[PDB]
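Numbers 1 to 159, taken from my numbering, label the letters of the sequence shown in order. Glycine included, C-beta positions come from ideal geometry on N, C-alpha and C. These notes are about the structure you will find just below.
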Amino acid sequence: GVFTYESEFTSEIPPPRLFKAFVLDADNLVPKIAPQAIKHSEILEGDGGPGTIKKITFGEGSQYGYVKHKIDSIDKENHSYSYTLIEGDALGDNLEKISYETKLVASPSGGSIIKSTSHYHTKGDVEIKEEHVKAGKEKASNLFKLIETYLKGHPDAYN
């Protein structure tokens, strides 16, 4: 199930703080750093860890409805975080599912690289255009920028 989106962006914060924000409190982080379009996030499935199907309401503009995430692994000590995206506008009858896995890496001169790689199981004979991949990385790294400065600039941020 590939098209593949690798996406990377730096903040001025260490990996431990960023991983609380990107993995464990991520439903509280997400509308603080996707506020251009996103509202809330659901235990629709879950007991809060892997299995929790975090389903994410978009704003009153009707452009998306919802998007549905599923945490698939949460491991601070291995320092990566795996989640599926399974339903809503971002599957759009374009897409059958998307695996994500994130790592929050150490930049050689600065803070941490907020990094995700993700694999697009595409629907029927839909193939995803690179011009959507590109804008996709520009949305997705903009939320990784928003939290750059949020995790830094309200740095009690997931304190």
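Which of the three DSSP states, helix, strand or coil, is assigned to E101? In this structure, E101 counts as strand in the three-state DSSP scheme.
Return yes when the Cβ of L85 is within less than 8 angstroms of the Cβ of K123, no when it is not. A distance of 8 angstroms or more separates the beta carbons of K123 and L85.
For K103, which residues in the same chain have their Cβ closer than 7 angstroms to its Cβ, ignoring the five residues on either side in sequence? Excluding sequence positions up to five before and after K103, its CB lies within less than 7 angstroms of the CB of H79, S80 and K115, all in the same chain and listed in chain order.
Buried/exposed call for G111, threshold 16 Cβ in 10 Å: Buried.
Could you pull the start and end residues of the alpha helix (DSSP H) that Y158 belongs to? Element bounds for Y158: n/a, residue is neither H nor E.
Closest by CA to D156, which one among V23, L29, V2 and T10? Distances from the CA of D156 to each of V23, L29, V2 and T10 were compared; the closest alpha carbon is that of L29.
Helix, strand or coil, according to DSSP, for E131 in the structure here? In the structure shown, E131 adopts helical secondary structure according to DSSP, grouped into three states.
Distance between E101 and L146 (C-alpha atoms, nearest Å): One C-alpha to the other measures close to 20 angstroms.
Contact set for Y150: own chain, Cβ-Cβ below 7 angstroms, skip 5 residues either direction: Correct list, in chain order: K32, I33 and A157.
For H132, count neighbouring C-beta atoms within 10 Å of its own C-beta (all shown protein chains included) and say buried if the count is 16 or more, exposed if not. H132 is exposed by the Cβ-count criterion.
Straight-line gap, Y5 to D89 (C-alpha atoms, nearest Å): C-alpha separation (whole angstroms): 17 angstroms.
For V67, the first and last residue of its enclosing beta strand (DSSP E): It spans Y66 to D75 - the beta strand (DSSP E) in which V67 sits, taken as one unbroken run.
Quick one: give me the first and last residue of the beta strand (DSSP E) that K39 is part of. For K39, the enclosing beta strand (DSSP E) stretches over residues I38 to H40.
So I53 packs on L44, CB below 8 angstroms; how close in whole Å? About 5 angstroms separates the two Cβ atoms, so the contact holds.
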